[PDB]
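The data below hold one chain only, encoded as structure tokens and taken in the form deposited in one PDB entry.
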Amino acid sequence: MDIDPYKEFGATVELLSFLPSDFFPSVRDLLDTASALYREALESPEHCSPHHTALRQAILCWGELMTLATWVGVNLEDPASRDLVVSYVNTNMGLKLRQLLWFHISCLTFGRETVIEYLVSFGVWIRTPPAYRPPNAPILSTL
């Protein structure tokens, strides 16, 4: 199957490619934001929203990757392989996980429609070449 995780929620993998990969915060920072703002809802037995369901799945996927990294560090004996796998699991997969975390956290905090319009506007800003690019980049905010 060809499943786009954002196709529900009115976005696409291509739209989020407007944002550069180095734009997204670290998984630690994003999980801290999730705990700060939505811990009780995430731990709840309610389907509070599709975003909440998806964020739950993403947090668990990251947790299982961390369990794998620990298991590698304990059960592998070749340090080169140990560290290659650990770094891969921390960086390459972390990128997509923090895309997902960012999208859903931002849509809960600010609104799905607002986030999609931020994506469009930031794509404008970032495609605008530097000579003509304003310094005030689009930024998600309430106030």
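In this text, the rigid core denotes the largest set of C-alpha atoms whose superposition between the two forms falls within 1.5 Å. All residue numbers are counted from 1 along the displayed sequence. Shifts are known only where both forms have a C-alpha.
Keep in mind that the form deposited in another entry is missing from the display, and what follows is about it.
Of the residues listed here (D29, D78, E64, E117), only one shifts its CA by 2 angstroms or more between the shown form and the other one after fitting on the rigid core, and it is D78.
Superposed on the core, the two forms differ at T91: its CA moves 2 Å or more between the shown form and the other one. Legend: core-fitted overlay between the shown form and the other one; highlighted is 73-92, the single run of at least 3 consecutive residues with CA shifts of 2 angstroms or more.
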